[PDB]
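Coming up is one lone chain in structure tokens, specifically the form deposited in one PDB entry.
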């Protein structure tokens, strides 16, 4: 058996929106200590990796490990079916015929029960996070989202450049160009808004804006976004959940296509 009760369905809804772009079908490995899920896009340049621990649920129980393969368009369709604030419960049995999603509101009446037919997916799981990235920064998710959205209208390629205490986002395109330059600082009235940066090596990488636009919709899960960039590996964009994370690994455009 498996019973995972979210305190508010909105968290699961936004987690799956993190995947609803950018990728199609997903395996959800539920183990005794929580849920992991991974998904690669078709061009195989962006991996989405979710980890929800037990404390991020209001209740959680998994007797044996169980893998739930799900169509994200169909699961999203099912996930529009409550309020954001209803307690959504995932329920499955030993070898799962299908997953069962059980909503419940503050008015304990009229409980709604959906069921998603589970598909079969072959689980090629990737561990591609490095130990050392060339630079690490963190900034408010809102601010990263606006930078990406704005620059995405000038060209289809956004270029992130890190020098000593200087983070430069640039898009040069046919019509024109744009450049947002941010610098590290500590806001004392609100550590909400600070911009942290550790630079071990300057970086100059360029990413497709399609994918950065995909990545920034995790802003609805975390106040802040962590960006680990490296010339030797895909870049990592991390949104921290209440004891968990949603991660986007994105490969930069190559040298000759910059």
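Residue numbers count along the first chain shown, from 1.
Missing here is the form solved in complex with a partner chain; even so, the following discussion is about that form.
Within 4.5 Å of the partner chain in the deposited complex, a heavy atom is found for not a single one of 28, 64 and 96.
At the 4.5 Å threshold, heavy atoms of residue 206 reach the partner chain in the deposited complex. Contact annotation for residue 36: none of its heavy atoms lies within 4.5 Å of the partner chain in the deposited complex. Although the partner is absent here, residue 15 is not a contact residue: none of its heavy atoms lies within 4.5 angstroms of the partner chain in the deposited complex. Proximity of residue 43 to the partner chain in the deposited complex falls within the 4.5 Å heavy atom cutoff. The partner is absent here, but in the deposited complex a heavy atom of 47, alone among 50, 68, 229, 47, sits within 4.5 Å of the partner chain.
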